[PDB]
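Peer 1: Please find the sequence and an experimentally derived structure below.
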Amino acid sequence: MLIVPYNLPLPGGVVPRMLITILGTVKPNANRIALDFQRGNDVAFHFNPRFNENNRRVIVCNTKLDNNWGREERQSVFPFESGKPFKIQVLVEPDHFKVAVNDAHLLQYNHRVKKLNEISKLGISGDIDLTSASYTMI
Ligand SMILES: CO[C@@H]1O[C@H](CO)[C@H](O)[C@H](OC(=O)c2ccc(C)cc2)[C@@H]1OC(=O)c1ccc(Cl)cc1[N+](=O)[O-]
Ligand SMILES: [Cl-]
Ligand SMILES: [Cl-]
């Protein structure tokens, strides 16, 4: 397993047609997972499965600019399960990030950070055993 939290450099930032694939297994009794696509200290796209927010499972998505979180976008479809292997695929499209989990479309997140080629790192954190993290151009 890779060491979490894990930084995946994205050389030259992201660009449409770039596919990021994360393979891992959720720990037992998980509380949270996070993917943070970063532009220096800013978070262009925060993808945050929460296993217990007032006894509900929810994925929260947001952007952090100058240390300030913005308006959350929330998804009640929740494909993750404590103890089970998952695949997250993040495809950069021209107007949004498109996210699929276990080969099923989950959500899309409109680009708030516009300088895509400056989103140069992906942080992977939370209650997972991380198997692999990679990218390819499709
Ligand atoms: C309002 O709360 C914030 O919302 C943001 C999204 O809008 C982030 O998700 C923040 O989290 C972190 O930036 C962050 C959190 C932990 C670390 C180890 C590093 C960074 C934080 O979320 C929680 O604290 C939170 C609030 C309620 C619940 Cl139930 C779960 C979470 N959470 O997953 O941390
Ligand atoms: Cl590692
Ligand atoms: Cl920008």
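Peer 2: Nice, thanks for sending it over. Numbers count the residues shown, from 1 in each chain. Ligands and ions are numbered 1, 2, ... in the order given.
Peer 1: Just say helix, strand or coil for the residue nearest the centre of the chain.
Peer 2: Among the residues of the chain, the one closest to the centroid is residue 35, at 3.2 Å (CA atoms, centre = their mean). When classified by DSSP: H, G, I helix; E, B strand; the rest coil, residue 35 comes out as strand.
Peer 1: can you list the residues of the protein near ligand 3?
Peer 2: For the chain, the contact set with ligand 3 under CB under 5 Å from the ion comprises 113-115. Any C-beta I mention is one placed from the backbone N, CA and C, and that applies to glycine too.
Peer 1: Select from those the one having the most neighbours.
Peer 2: Most neighbours among the residues of the chain next to ligand 3, by other CB atoms under 10 Å: residue 113, with 19 neighbours.
Peer 1: My guess is that residue contacts residue 119. True?
Peer 2: Yes. Between residue 113 and residue 119 there is a contact under CB atoms under 8 Å: 6.4 Å.
Peer 1: Overlap in contacts, these two.
Peer 2: Taking CB atoms under 8 Å, 6 or more residues apart in numbering as the criterion, residue 113 and residue 119 both touch 39, 44-45.
Peer 1: Top of those by number of neighbours, please.
Peer 2: Counting neighbours by other CB under 10 Å, residue 45 leads the shared contacts of residue 113 and residue 119 with 26 neighbours.
Peer 1: Surely that one is within a strand?
Peer 2: Yes. Counting by three-state DSSP, residue 45 is part of a strand.
Peer 1: Lovely, talk soon.
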